[PDB]
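Shown next, in structure tokens, is the structure this report addresses.
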Amino acid sequence: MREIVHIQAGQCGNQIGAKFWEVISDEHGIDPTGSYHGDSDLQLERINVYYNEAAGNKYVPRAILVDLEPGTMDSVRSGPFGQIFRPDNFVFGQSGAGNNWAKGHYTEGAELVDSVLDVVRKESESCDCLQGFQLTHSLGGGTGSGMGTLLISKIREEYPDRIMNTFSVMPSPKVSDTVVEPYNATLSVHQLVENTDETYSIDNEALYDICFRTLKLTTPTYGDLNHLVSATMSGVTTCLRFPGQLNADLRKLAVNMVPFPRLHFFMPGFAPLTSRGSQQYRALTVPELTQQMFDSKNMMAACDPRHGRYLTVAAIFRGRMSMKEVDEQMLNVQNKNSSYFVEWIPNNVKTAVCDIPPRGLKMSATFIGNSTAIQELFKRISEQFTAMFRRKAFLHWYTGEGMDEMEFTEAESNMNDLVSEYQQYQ
Amino acid sequence: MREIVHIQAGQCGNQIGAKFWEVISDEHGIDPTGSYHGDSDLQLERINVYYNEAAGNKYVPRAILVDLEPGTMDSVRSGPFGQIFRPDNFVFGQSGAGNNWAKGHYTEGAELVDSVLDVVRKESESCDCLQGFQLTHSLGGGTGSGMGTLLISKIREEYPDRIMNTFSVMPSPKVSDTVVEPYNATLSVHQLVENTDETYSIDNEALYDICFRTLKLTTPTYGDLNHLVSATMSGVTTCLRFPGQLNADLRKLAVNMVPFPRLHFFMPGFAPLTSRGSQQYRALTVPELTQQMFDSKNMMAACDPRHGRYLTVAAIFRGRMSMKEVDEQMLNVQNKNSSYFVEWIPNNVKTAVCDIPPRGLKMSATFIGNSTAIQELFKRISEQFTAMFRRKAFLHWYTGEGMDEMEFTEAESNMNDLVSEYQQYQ
Amino acid sequence: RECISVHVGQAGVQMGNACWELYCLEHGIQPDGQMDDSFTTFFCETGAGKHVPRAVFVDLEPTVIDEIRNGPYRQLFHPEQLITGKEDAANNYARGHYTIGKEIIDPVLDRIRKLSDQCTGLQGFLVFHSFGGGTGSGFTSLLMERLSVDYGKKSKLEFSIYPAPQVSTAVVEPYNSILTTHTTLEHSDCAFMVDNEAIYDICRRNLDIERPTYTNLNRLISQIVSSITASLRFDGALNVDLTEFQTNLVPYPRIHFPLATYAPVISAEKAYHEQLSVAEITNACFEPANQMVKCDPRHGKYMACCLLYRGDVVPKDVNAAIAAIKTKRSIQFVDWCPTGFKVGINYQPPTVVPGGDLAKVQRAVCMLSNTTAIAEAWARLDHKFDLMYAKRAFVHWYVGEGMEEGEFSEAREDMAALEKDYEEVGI
Amino acid sequence: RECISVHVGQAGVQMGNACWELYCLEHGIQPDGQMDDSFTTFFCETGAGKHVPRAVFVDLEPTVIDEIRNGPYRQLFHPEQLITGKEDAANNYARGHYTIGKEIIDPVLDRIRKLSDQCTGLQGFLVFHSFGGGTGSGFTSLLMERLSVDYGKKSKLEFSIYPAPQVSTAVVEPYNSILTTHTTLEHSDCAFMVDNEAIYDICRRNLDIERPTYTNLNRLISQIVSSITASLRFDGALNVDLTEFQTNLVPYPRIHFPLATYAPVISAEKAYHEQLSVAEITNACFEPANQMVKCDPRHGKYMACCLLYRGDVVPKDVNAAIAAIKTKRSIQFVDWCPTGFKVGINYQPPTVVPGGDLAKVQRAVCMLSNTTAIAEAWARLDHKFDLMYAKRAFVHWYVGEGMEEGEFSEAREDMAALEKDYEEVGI
Ligand SMILES: Nc1nc2c(ncn2[C@@H]2O[C@H](COP(=O)(O)CP(=O)(O)OP(=O)(O)O)[C@@H](O)[C@H]2O)c(=O)[nH]1
Ligand SMILES: Nc1nc2c(ncn2[C@@H]2O[C@H](COP(=O)(O)CP(=O)(O)OP(=O)(O)O)[C@@H](O)[C@H]2O)c(=O)[nH]1
Ligand SMILES: Nc1nc2c(ncn2[C@@H]2O[C@H](COP(=O)(O)OP(=O)(O)OP(=O)(O)O)[C@@H](O)[C@H]2O)c(=O)[nH]1
Ligand SMILES: Nc1nc2c(ncn2[C@@H]2O[C@H](COP(=O)(O)OP(=O)(O)OP(=O)(O)O)[C@@H](O)[C@H]2O)c(=O)[nH]1
């Protein structure tokens, strides 16, 4: 019944992917060992859509952890929900790439893709009818950018008709955790623009901006940032996991948000975002959530939506709520701010609601936005790419693996192409 | 059978309008919920003339409460007879006018008149044959002066042939409860002089003077003043509500008291007015009521009738009484005081009696008087209007809504015109 | 006297569970599936002391179908009738029609045959769906085509939830509605439409519900669909059958788009304070804001109106009431059909759900009417379609299913013919 | 019916904490932050059994803002509403406007928008500040300009603490007051003023407090600001809204400077011995020394006076009382508005703080009135400004912020126009 197979790549993709299984384990009432201890019967109604049943009322996740380094699996296996994963799925290499896209794509990737394709083939045969795949990686580095982008092309060859979702965190200019980030970002987007049908543009800079303004966290760690992005992955797959008044599968939101084949880079968000020291002094009904959803300082991307125009918006909701207040609020945000919305579409909002909210909250929603303001983050990495590429700097490491110099220019031809697409419909 | 539809405007019109339904509910024996608990069968004989029948032997009033502020309806709904009114009839705005005629007539009125015209259309279609409308407002302020004067013009356009009654309380110079009172009074009379066919000139100053001299009230509130004016509205509509030896409908008194189209501003009164501590020391037959009716300190207007001459008089009576004493007393009041009555009419008195008096009294009457002494209250407000208008004071608020300066002068041309009419026939 | 029903999409089964619970409580049917002629037109007799409805719930997505299997009304419906798919339509007219529609229609086709072969008094079919999504556009348009070639002569009463001028749940619904209407124009004998924001306005000003949900929207809708077929269930002084709605409301074989409105809709506290009679409800049903569609009837002209009352209502006041409606000059009837009044009566009154938002009423009416008021609505839907069609937006998904840009032009010019047909007929 | 408030400067929040504690004790709101329609106009309803005020405290200096964070009324207010800066104004109109003002107004602008969007009965705004310092002059003049272009139509009720003729806390306050009044003349609908030595004289002769503090000054001031809005909170026999103060008191669009005075102000021991009725308070409110400004009303003429009573007070004696005020020849009303009386009533009486200096009273009144008595005050402030402006004293700081000597002349000639407007209108 539309089973989704999870797949992880890179250090960050395994961390946020690990947090994804943790947060959904709580609402489903899954123990760290694998047994069920929930309360509602609807949790078992669609537990198979991510997990696999087993003996003793045990449920094993349908995850495949892929990382070229071995230490990443040791940290994930020793986590709170590290033992629930299957030991056979922990496939990994020995010698890391060290922030090199050419290694994880050509030399170090070719020896491991044969070991992961047969595993996901086994998982795809176990389910009754698969819907699609969702992947977590990062444009920076070599593992998540190299290993993830490679098997995306192979999965497209093996499953061209199924949905190919991707949650890809991109770099930022002010927060730079890698010197070779724009080359990996420029080489990765050449594969993401053509192969996958969906993409979520997540930014680490905004993940630091979002925690100061509303959460008021004095000591935020990566685990706190993983809680925000993991909740977004749960909102997109809510209606098939629990019933609702209006269902919206991963395909139902893709057809509305992807007006063209190449324009599929979304912009995520989440609400309610409120600190623990100011939870009592805020309401939880629908109008405060609507204005917070469309707020500029709410999304986890560094893009200014006021500098552009939204192509389409999708706001998945959770929990029992009234439909009149939901529908009427989405009318005024597009009417009062018609300048920041394209006139060549009559309605830029996609609505959907569920009845079973997360634990600890009574009403919540997740934002999915495709807008022309995404180009400002793509040209700056392109400028950092073209600035470093024009002198042929930091290319001798990539050519040692047999990579051609023109492939960087072919990626550059794609880089200024996608930013020009959003400029066309602006 | 000549159904009358009630309508209210302004704070005072809702208060005295609320008291109007209260006093008539007692003589008809109507419960505060809506059921009947009276004793006489004639109360149901003409209960339809103001009320609407309903299931469970319930009777709902045919009233429409209109006020631009929402707080007035909360006080009326929370009253003793607040629940008997229909909930749908409680139409109202949000942002009050704040003593501004331009707001209630042009900007704040235009958005609400569409919501009240369809309601009275529903009530007018429910009755078999409507006679006319009676309204309660105040010349002071912006709500009763603005909203009331506006829909009076619209009702004339929709119902030009039916009777248009109005109970309008005017300001006074000594009791000044509003700084912008003469502008509102001068702008309101332009509509009342041309649209409505009847008008009752009530004064707040005399409503305090009347309570000191005969009632001897030590601590009079607005509710005590509402008892006097509410009883006056019941006397004018007695013969169609209960049988009588000589019937006088609202049209039967209008034809006698309105000798010209513009001369329709009456002057009300009521009797017997006597304190509780001096009730035993007074009789209740007809001659003491006659001399009390024509007394100068009996009416609820500040006009001196001795300073002018009565055009016509109408004294509706209630309760079983002898006709010889009634007819003979009206002869001597006009004969002995021939100087204070116009010689160009042979008889200035209109007689009519009913058999069913109010509860707690055996003989009573209500005064309706059109006299040339009414002009003294119109010129003083005109002097206050002209004194403030000659320097264009307190006009910048009215022009903000798009009102023209000449419309104040057009009202001024009407102001000195109506006072000159009564001077012609003096 | 029997009739088969079918529910499609998220919109279909969501009201189907809400309507059938209203049907069962009228005939004394407990939810467990048991307690002479009034229930035979919807409910069969399974041997002895047990019944089952004459309907089927079909939907590709399994979340709503299994909710009925795990819901309270489990034993009432058949297990096999709760048909379910394996792949979602996803706001795609094509995906629920060609790829995923072909591998599921064959269980659906033969089931209607055996369901009708056991029956003997089959009047027609009525389908509940919504063209505002993916499942109610493609799969609904396919099943009606395949049974039309089979049956043909039997009637088809469509019930779709159309989008509003400005409020909308989806974004691709002009493409979903413009494609499915190309097939609906020739095979649908009649199609009653309802707007999504209009029904909110019904419960806002009249029922004073500031925060309702879709469950409440289906209750008053269940009163509409049950009242039109109420004459067939119970006895009435002037009986009207299912084929009455075809001849008396369809002036031309292409113009088969009536409207719908219902009254009285009063709260519990307001029901005791507000009088209920034929006069006020007749003036209320013709009120424009009280209609279930955001279209001004003053702009157009009524081709014909079909009145149908319930409860203790004598035929005198209903005739005197419409005589007053004929005298109203605010409305305007078309010269092509002056006597466009069809009145009906049923002795059985409007029911009431325990705990429902609607209050008890001794009488009610369900007014259906055709007019050219929706001519601007089709022009509005066509105008917004030209904006996205000019940019070729959302086209790669439809051609990604198997279609092409050819029939997109066929649907455009078909609406262009439909637009001028309302303009020329309304002269 | 709702209204948003804002506090600026040292003067603003010092009375804001003193006024809001008076507001909360009236509605039974405990200081911890919890206990139907009377409190909705100031306090919200957050979910279940919790409220928050509809106001914000903004101030550049953090000493007063953090005192509220560490003060007793911590749990009552929102932690995010307590806005704080990082650099002080320092008696500079320019420093709180151009350098430091620009980097803090943007959090302040968008907060009022979302605070108003969630609201629906927003009547207007009222700001508490003081032009006698730096923060209440520049930043207050900036925020009112930026919301006036946005809103405009909504009212603005300013509450400033002006300096006395001879008593003064600062030395540069003529430059601070003359600059900020140039912006206040065009965008402020009305501005009630209070003098610093006058309120000391109120508690000196009447309340016999020889050694009070600013905390005591804010209590009786809280009675004034709470009494003008008391009609909107509780029920009254003659209701008056917030827009009543705009039309009835502003004769011309530039002359928008009323006065303020309050009575009775009696101690605890004197309250039991001194009779309380409408006659003595009406004669006391028009008493010149009992006013909150050191300006002789005998020198000028009252344009219009707005009376507003509280407690059990029948409308007979209030009309008879003002009738005696009309007969007094010691006062003199202007011929341009003879009937300049506006009386109001509220059934809910004046409250009392536990342990406060004010005693319990069964009735009170808050009398606001415009007049030309402050024409000499503006001439006095302008005269002392010419002494320092002639020597070009204290000018190097203002131009040291970014301004120049140009607008210094614009503020001077603006007062020169304002002075003669009071002289010609008072003829
Ligand atoms: N929101 C979070 N971001 C993270 C986290 N860990 C890393 N990152 C961010 O993602 C950036 C790159 O992602 P990765 O750490 O996975 C580098 P990767 O493992 O793919 O390559 P190698 O480790 O060199 O084999 C990294 O520079 C961080 O900005 C995390 O736990 N949470
Ligand atoms: N005899 C009575 N007179 C009243 C009563 N209430 C007010 N008034 C008088 O009528 C005068 C103005 O009438 P209103 O109170 O209705 C002012 P209105 O509501 O029309 O405008 P807004 O309140 O500003 O929206 C008012 O100044 C009083 O002198 C009352 O209850 N009884
Ligand atoms: N008035 C009303 N409309 C409804 C209700 N349920 C669904 N709808 C409408 O139906 C439209 C979509 O219909 P469907 O084709 O059934 O949607 P779906 O079945 O979820 O299709 P997928 O997204 O592909 O799964 C929505 O836009 C809603 O506005 C309801 O209960 N009441
Ligand atoms: N009556 C009264 N006046 C006050 C009170 N508090 C402050 N003031 C007046 O406010 C004036 C200065 O106002 P502000 O602009 O707020 O002073 P500030 O915030 O300290 O400005 P900086 O010195 O730059 O920090 C002083 O001259 C006082 O006379 C008070 O509690 N009561």
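Identifiers in this document derive from the order of the structure tokens: chains are assigned A, B, ..., residues are numbered from 1 separately in each chain, and ligands are numbered from 1 in order of occurrence.
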
Q: Kindly compile the residues surrounding ligand 1 within 6 Å, counting only C-alpha atoms and all ligand atoms, and format them as a PyMOL selection string.
A: chain A and resi 10-13+15+69+96-99+138+140-144+177+204+222-223+225-226

Q. Given a cut-off of 9 Å, which residues of chain C touch chain A, counting only C-alpha atoms, written out as a ChimeraX atom specification?
A. /C:10-11,14,61-64,66-67,85-92,134,166-172,197,200,210-215,384-388,390-397

Emit the selected residues as a short mmCIF file (atom, residue, chain, number, x, y, z; two decimals), in the first residue's frame, including N, CA and C atoms.
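Saved result, part24.cif, follows:
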```cif
data_model
loop_
_atom_site.label_atom_id
_atom_site.label_comp_id
_atom_site.auth_asym_id
_atom_site.auth_seq_id
_atom_site.Cartn_x
_atom_site.Cartn_y
_atom_site.Cartn_z
N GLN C 10 -11.85 11.14 -2.74
CA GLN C 10 -11.91 11.59 -1.35
C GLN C 10 -13.26 12.25 -1.07
N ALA C 11 -13.77 13.02 -2.03
CA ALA C 11 -15.05 13.70 -1.83
C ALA C 11 -16.21 12.72 -1.78
N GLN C 14 -16.38 10.35 1.59
CA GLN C 14 -16.47 11.17 2.79
C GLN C 14 -17.91 11.60 3.07
N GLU C 61 -7.06 5.45 -3.58
CA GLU C 61 -6.27 5.54 -2.36
C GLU C 61 -6.90 4.68 -1.27
N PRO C 62 -6.12 3.93 -0.49
CA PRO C 62 -6.72 3.00 0.48
C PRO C 62 -6.96 3.58 1.87
N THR C 63 -6.58 4.83 2.13
CA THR C 63 -6.70 5.38 3.48
C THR C 63 -8.15 5.58 3.89
N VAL C 64 -9.00 6.01 2.96
CA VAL C 64 -10.40 6.31 3.26
C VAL C 64 -11.24 5.04 3.20
N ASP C 66 -10.23 1.87 3.90
CA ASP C 66 -9.99 1.08 5.10
C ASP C 66 -10.52 1.76 6.35
N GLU C 67 -10.71 3.08 6.33
CA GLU C 67 -11.31 3.77 7.47
C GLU C 67 -12.75 3.32 7.68
N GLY C 85 -7.80 0.62 -4.27
CA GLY C 85 -6.71 0.56 -5.22
C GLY C 85 -5.36 0.45 -4.54
N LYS C 86 -4.31 0.74 -5.32
CA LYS C 86 -2.93 0.66 -4.86
C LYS C 86 -2.05 1.84 -5.28
N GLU C 87 -2.56 2.78 -6.08
CA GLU C 87 -1.77 3.91 -6.56
C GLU C 87 -2.69 5.11 -6.74
N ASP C 88 -2.24 6.26 -6.24
CA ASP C 88 -3.09 7.44 -6.12
C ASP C 88 -3.15 8.22 -7.43
N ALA C 89 -4.25 8.97 -7.59
CA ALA C 89 -4.44 9.77 -8.80
C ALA C 89 -3.58 11.04 -8.80
N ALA C 90 -3.45 11.70 -7.65
CA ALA C 90 -2.54 12.84 -7.46
C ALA C 90 -2.91 14.03 -8.35
N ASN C 91 -4.19 14.43 -8.28
CA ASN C 91 -4.72 15.59 -9.02
C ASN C 91 -4.53 15.46 -10.53
N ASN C 92 -4.51 14.23 -11.04
CA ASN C 92 -4.24 13.93 -12.45
C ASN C 92 -5.47 13.29 -13.05
N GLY C 134 -8.14 14.56 -8.42
CA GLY C 134 -7.62 13.64 -9.42
C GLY C 134 -8.46 12.41 -9.62
N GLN C 166 -12.43 32.18 -5.98
CA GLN C 166 -11.16 32.55 -5.36
C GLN C 166 -10.65 31.51 -4.37
N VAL C 167 -11.53 30.84 -3.63
CA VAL C 167 -11.13 29.79 -2.70
C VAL C 167 -10.89 28.52 -3.50
N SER C 168 -9.85 27.78 -3.13
CA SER C 168 -9.53 26.55 -3.83
C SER C 168 -8.58 25.72 -2.97
N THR C 169 -8.83 24.42 -2.94
CA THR C 169 -8.00 23.48 -2.20
C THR C 169 -6.77 23.05 -2.99
N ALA C 170 -6.91 22.90 -4.31
CA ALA C 170 -5.85 22.48 -5.21
C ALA C 170 -5.33 23.68 -5.99
N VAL C 171 -4.44 23.40 -6.95
CA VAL C 171 -3.95 24.40 -7.90
C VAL C 171 -4.11 23.97 -9.35
N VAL C 172 -4.20 22.66 -9.64
CA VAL C 172 -4.34 22.14 -10.99
C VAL C 172 -5.80 21.83 -11.35
N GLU C 197 -17.01 27.21 -1.04
CA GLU C 197 -17.15 28.37 -0.16
C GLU C 197 -18.61 28.75 0.08
N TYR C 200 -20.00 26.95 3.09
CA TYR C 200 -19.50 27.59 4.30
C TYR C 200 -20.33 28.83 4.63
N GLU C 210 -19.11 29.32 13.40
CA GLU C 210 -17.91 30.03 12.98
C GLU C 210 -16.74 29.10 12.66
N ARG C 211 -16.78 27.85 13.12
CA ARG C 211 -15.67 26.90 12.93
C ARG C 211 -16.23 25.50 12.67
N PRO C 212 -16.80 25.26 11.46
CA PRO C 212 -17.25 23.90 11.11
C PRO C 212 -16.15 23.07 10.46
N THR C 213 -16.48 21.83 10.08
CA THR C 213 -15.58 20.94 9.36
C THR C 213 -16.33 20.29 8.20
N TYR C 214 -15.62 19.48 7.42
CA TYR C 214 -16.22 18.80 6.28
C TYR C 214 -17.31 17.82 6.68
N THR C 215 -17.27 17.30 7.92
CA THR C 215 -18.33 16.42 8.39
C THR C 215 -19.67 17.15 8.44
N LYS C 384 -9.10 31.57 -16.41
CA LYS C 384 -7.92 31.17 -15.64
C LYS C 384 -7.17 30.01 -16.30
N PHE C 385 -7.88 29.14 -17.02
CA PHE C 385 -7.22 28.08 -17.77
C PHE C 385 -6.33 28.64 -18.87
N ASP C 386 -6.75 29.73 -19.51
CA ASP C 386 -5.94 30.32 -20.57
C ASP C 386 -4.65 30.92 -20.03
N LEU C 387 -4.64 31.36 -18.77
CA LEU C 387 -3.43 31.93 -18.19
C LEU C 387 -2.34 30.87 -18.04
N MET C 388 -2.69 29.71 -17.48
CA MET C 388 -1.73 28.63 -17.34
C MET C 388 -1.49 27.90 -18.65
N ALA C 390 -1.51 29.30 -21.59
CA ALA C 390 -0.64 30.15 -22.39
C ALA C 390 0.83 29.94 -22.03
N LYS C 391 1.12 29.78 -20.74
CA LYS C 391 2.47 29.45 -20.28
C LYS C 391 2.80 27.97 -20.38
N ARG C 392 1.84 27.11 -20.77
CA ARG C 392 2.03 25.66 -20.85
C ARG C 392 2.44 25.10 -19.49
N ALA C 393 1.78 25.58 -18.44
CA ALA C 393 2.09 25.19 -17.07
C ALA C 393 1.33 23.92 -16.69
N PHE C 394 1.98 23.09 -15.88
CA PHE C 394 1.43 21.82 -15.40
C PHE C 394 1.09 20.86 -16.53
N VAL C 395 1.79 20.98 -17.67
CA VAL C 395 1.51 20.15 -18.84
C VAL C 395 2.39 18.90 -18.86
N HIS C 396 3.60 18.97 -18.29
CA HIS C 396 4.52 17.84 -18.34
C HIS C 396 4.03 16.63 -17.54
N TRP C 397 3.13 16.82 -16.57
CA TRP C 397 2.56 15.71 -15.83
C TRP C 397 1.50 14.96 -16.64
#
```

(Q) If you run DSSP on the backbone here, which positions in region 128-299 of chain D get strand (DSSP E)? Please write them as a ChimeraX atom specification. (A) /D:128,155-162,190-195,261-263

Please save C-alpha atoms of the selected residues as a compact mmCIF listing (two decimals), in the first residue's frame.
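This is the output file part23.txt:
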```txt
# COMPACT_ATOMS: atom_id res chain seq x y z
CA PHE D 128 2.46 56.88 26.71
CA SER D 155 -6.96 57.37 16.17
CA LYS D 156 -3.84 58.30 18.13
CA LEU D 157 -4.09 59.38 21.79
CA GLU D 158 -0.75 60.78 22.99
CA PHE D 159 0.12 61.10 26.70
CA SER D 160 3.20 63.27 27.30
CA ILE D 161 4.71 64.66 30.51
CA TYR D 162 5.68 68.25 29.64
CA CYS D 190 -5.16 64.32 20.17
CA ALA D 191 -2.51 64.69 22.89
CA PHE D 192 -3.32 65.00 26.59
CA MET D 193 -0.60 66.76 28.60
CA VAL D 194 0.45 66.63 32.26
CA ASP D 195 2.87 68.90 34.14
CA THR D 261 -7.82 67.06 35.47
CA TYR D 262 -9.29 64.54 37.89
CA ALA D 263 -11.29 64.63 41.12
```

Q: Pull the helix (DSSP H, G or I) assignments for region 175-225 of chain A out of DSSP run on the backbone, and list those residues as a count of residues only.
A: 28

Selection near residue 361 (chain A), 9 Å with only C-alpha atoms, sequence-local residues under 5 positions removed, as a short mmCIF file (atom, residue, chain, number, x, y, z; two decimals) with N, CA and C atoms, in the first residue's frame:
```
data_model
loop_
_atom_site.label_atom_id
_atom_site.label_comp_id
_atom_site.auth_asym_id
_atom_site.auth_seq_id
_atom_site.Cartn_x
_atom_site.Cartn_y
_atom_site.Cartn_z
N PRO A 272 4.02 24.96 14.59
CA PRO A 272 4.39 26.12 15.41
C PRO A 272 5.82 26.04 15.94
N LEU A 284 -2.85 28.50 19.65
CA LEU A 284 -2.56 27.36 18.78
C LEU A 284 -3.61 27.14 17.70
N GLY A 319 -3.76 17.32 12.66
CA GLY A 319 -4.65 17.47 13.79
C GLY A 319 -6.03 17.96 13.40
#
```

**Q.** Selection: 10 Å around region 97-114 of chain C, only C-alpha atoms, excl. self and same-chain fewer than 6 positions, as a PyMOL selection string
**A.** chain C and resi 4-6+54-56+58-60+81+83-89+134-135+137-143+146-147+150+401-403

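Shortest atom-to-atom contact with ligand 3 among C:321, C:366, C:8, C:179: C:8, counting only C-alpha atoms and all ligand atoms.
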
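We find CA of residue 120 (chain A) and CA of residue 235 (chain A) to be spaced 24.3 Å apart.
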
Q.
Would you pick out the contacts of residue 210 (chain B) at 7 Å or less, using only C-alpha atoms, so that residues sharing its chain but fewer than 3 positions from it are not included, and give the list as a VMD selection string?
A. chain B and resid 206 to 207 213 to 214 297 to 298 300

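In this model, the gap between CA of residue 166 (chain B) and CA of residue 342 (chain D) comes to 25.6 Å.
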
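Between residue 425 (chain C) and the candidates C:378, C:252, C:389, C:347, the tightest atom-to-atom separation, counting only C-alpha atoms, involves C:252.
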
With 9 Å as the cut-off and only C-alpha atoms counted, what is the closest atom pair between each nearby residue of region 125-237 of chain C and region 38-52 of chain C? Distances in Å to one decimal, ordered by chain and number, as CSV.
```
residue,atom,partner,partner_atom,distance
C:232,CA,C:41,CA,7.6
C:233,CA,C:38,CA,4.6
C:234,CA,C:38,CA,5.6
C:235,CA,C:38,CA,8.4
```

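The interatomic distance for the pair CA of residue 238 (chain C) and CA of residue 345 (chain C) works out to 5.7 Å.
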
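The environment of residue 413 (chain B) within 12 Å, counting only C-alpha atoms and disregarding residues fewer than 3 places along the same chain, consists of residues 186, 187, 189, 190, 382, 385, 386, 406, 407, 408, 409, 410, 416, 417, 418, 419 and 420 of chain B.
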
Could those residues be written to a file, using N, CA and C atoms, as a tab-separated table (two decimals), in the first residue's frame?
```tsv
chain	number	residue	atom	x	y	z
B	186	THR	N	-29.30	69.71	12.93
B	186	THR	CA	-29.59	70.47	11.72
B	186	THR	C	-29.53	69.59	10.48
B	187	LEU	N	-28.62	68.61	10.46
B	187	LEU	CA	-28.52	67.69	9.33
B	187	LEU	C	-29.63	66.64	9.34
B	189	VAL	N	-32.86	67.02	10.53
B	189	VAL	CA	-34.19	67.57	10.24
B	189	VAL	C	-34.41	67.78	8.74
B	190	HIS	N	-33.33	67.88	7.95
B	190	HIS	CA	-33.48	67.95	6.50
B	190	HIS	C	-34.14	66.70	5.94
B	382	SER	N	-30.70	76.22	15.79
B	382	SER	CA	-30.24	76.89	14.58
B	382	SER	C	-29.23	77.97	14.91
B	385	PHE	N	-26.26	76.17	15.68
B	385	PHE	CA	-25.72	75.70	14.41
B	385	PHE	C	-25.03	76.84	13.66
B	386	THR	N	-25.71	77.99	13.55
B	386	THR	CA	-25.15	79.11	12.81
B	386	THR	C	-23.97	79.73	13.53
B	406	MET	N	-21.53	72.89	1.32
B	406	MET	CA	-22.82	73.48	1.00
B	406	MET	C	-23.98	72.67	1.57
B	407	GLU	N	-23.78	71.37	1.82
B	407	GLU	CA	-24.84	70.56	2.41
B	407	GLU	C	-25.19	71.02	3.82
B	408	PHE	N	-24.22	71.59	4.54
B	408	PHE	CA	-24.54	72.24	5.81
B	408	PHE	C	-25.35	73.50	5.59
B	409	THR	N	-25.07	74.25	4.52
B	409	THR	CA	-25.85	75.44	4.20
B	409	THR	C	-27.21	75.07	3.62
B	410	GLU	N	-27.30	73.96	2.89
B	410	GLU	CA	-28.60	73.49	2.43
B	410	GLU	C	-29.49	73.09	3.60
B	416	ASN	N	-34.11	77.53	8.83
B	416	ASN	CA	-34.90	78.75	8.93
B	416	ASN	C	-36.21	78.69	8.16
B	417	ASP	N	-36.42	77.67	7.32
B	417	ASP	CA	-37.68	77.55	6.58
B	417	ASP	C	-38.79	76.98	7.45
B	418	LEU	N	-38.50	75.91	8.19
B	418	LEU	CA	-39.55	75.26	8.98
B	418	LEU	C	-40.00	76.14	10.14
B	419	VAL	N	-39.09	76.91	10.74
B	419	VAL	CA	-39.49	77.82	11.81
B	419	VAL	C	-40.34	78.96	11.26
B	420	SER	N	-40.11	79.36	10.01
B	420	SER	CA	-40.93	80.40	9.39
B	420	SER	C	-42.33	79.91	9.04
```

Q: Would you kindly return, as a ChimeraX atom specification, each protein, DNA or RNA residue with an atom no farther than 12 Å from any atom of residue 394 (chain A), considering only C-alpha atoms and excluding same-chain residues fewer than 4 positions away?
A: /A:99-101,179-184,385,387-390,398-400,405,408
